[PDB]
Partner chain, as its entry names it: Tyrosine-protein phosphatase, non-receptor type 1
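Below you will find one chain, with nothing else, as C-alpha cells; this is the form solved without the partner chain, and questions on how it binds or moves follow later.
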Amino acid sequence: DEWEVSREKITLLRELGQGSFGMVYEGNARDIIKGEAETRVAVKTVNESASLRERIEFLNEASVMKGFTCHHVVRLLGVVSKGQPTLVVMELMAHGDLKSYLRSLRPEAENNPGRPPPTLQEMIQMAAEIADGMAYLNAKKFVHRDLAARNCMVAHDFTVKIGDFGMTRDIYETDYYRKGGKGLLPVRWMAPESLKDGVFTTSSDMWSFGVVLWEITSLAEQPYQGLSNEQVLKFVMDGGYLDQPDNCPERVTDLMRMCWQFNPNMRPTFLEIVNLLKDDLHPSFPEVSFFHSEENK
C-alpha cells in the first residue's frame, strides 16, 4: 500500500470521541506529511466488540477516502494495516464537528469560546465550502447519504470540510443507491423520496444540505423538535418541512426552500449552489475549490 504507515510512527494522546465504528483519538504521527517531521492527526479505530458488519463498514469507509483529493473534504493521511488494530489516520480538524462548533457559539453555551456567532458572510462561506465538497463527491460519483452538521468538520482556520463517509455509496453505474427496509437512519435529515422509496441520489444529499443550512442558522437546534422519529417520517413523506429559524437571513431561507422542493428533480445541484455564492467568498476560494479547478468538467 502507498497508504501504509509504520505503527511506531503513531502516538495516541487523548480520546476525541466515539466515531461510527469505534473511538477516534487525537494523535501524533511521525513522517506522515512531507515537510513535517511530526503532525497532529485524528486516528479512527474499530470497537473491540464491533459487529462483523461494523468491522466491514469501517474498512470500506477508509477505502472510499483513498480516492478523494479536495480541500473541502477531510483528507485520509494513512492506514496502519500491519498487525492489529487497524488505525485509520486522518487530517485533524482543530475545531471538531460543525454541530458541536455551532452549539458552542450560542450566547449561553458553557463552552462559548469567546467568539461571536457566525456572520452572514461566514455562513455563506461555510455553505459554499460544504457545497464545494459535495460537488466534488458527486463528480466522483458517490452519494453521501448522511450530510449533516455533525458530519462536517471545522479546521484551524474555520474552513468547513465534509467528513464522515460511513454511509457513502458508489453511484457510478446508475446515479442512485437504493436500500429499502429497517435501519438506524438519520431520519431528520432525509429526503421524502428516500423515506418513501429507499432511494438516495445527489438530490437527496441536496435535501440534507438544506437541513445543514437550517442547522447553521439555528446554531444546530434539533430539526423537528417536538416530533418523534416516526412522526418525522410521516410528516416529511407527506410534504412537511422545517420552519425558518428566528432571525434567519432571507438569502439563506430562499436557498433552504429550494433544497426542500418535494420533487427531487426541482432541487438545485451542488455546482449551482457554489455558483450562486461564488462572488461572496474569500479570495482564496478559487485557489482551492473544486468548482474553480481544472477537474470540474
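Here, rigid core means the biggest group of C-alpha atoms that superpose within 1.5 Å across both forms. Numbering follows the first chain given and starts at 1.
Below, we refer to the form deposited with the partner chain bound, which is not included among the displayed structures.
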Notebook entry, point to check: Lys278 near the partner chain in the deposited bound form, any heavy atom under 4.5 Å?
Noted result: no
Notebook entry, point to check: Wondering, does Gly239 line up within 4.5 Å of the partner chain in the deposited bound form on heavy atoms?
Noted result: no
Margin query: If we define contact as a non-hydrogen atom of the residue within 4.5 angstroms of the partner, is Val288 a contact of the partner chain in the deposited bound form?
Written below: yes
Next item on the list: Decide whether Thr11 counts as a contact residue for the partner chain in the deposited bound form under a heavy atom distance cut-off of 4.5 Å.
Entry: no
Check: Taking the partner chain in the deposited bound form, which residues of 1 to 39 have any heavy atom within 4.5 Å of it?
Finding: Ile33, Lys34, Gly35, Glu36
Next item on the list: With the two forms aligned on their rigid core, point out which item of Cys248, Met237, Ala50, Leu255 shifts its C-alpha by 2 Å or more between this form and the one not shown.
Entry: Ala50
Check: By the 2 angstroms cut-off, has the C-alpha of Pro117 moved between this form and the one not shown once the rigid core is superposed?
Finding: no
Notebook entry, point to check: Does the C-alpha of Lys82 move 2 Å or more between this form and the one not shown once the rigid core is lined up?
Noted result: yes
Margin query: Since the Cα-Cα distance for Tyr241 and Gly180 shifts by 3 angstroms or more in the deposited bound form, is it a contraction (closer) or an expansion (farther)?
Written below: farther
Next item on the list: Work out the direction of the Cα-Cα change for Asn229 and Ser49 in the deposited bound form: closer or farther than in this form? It's 3 angstroms or more.
Entry: closer
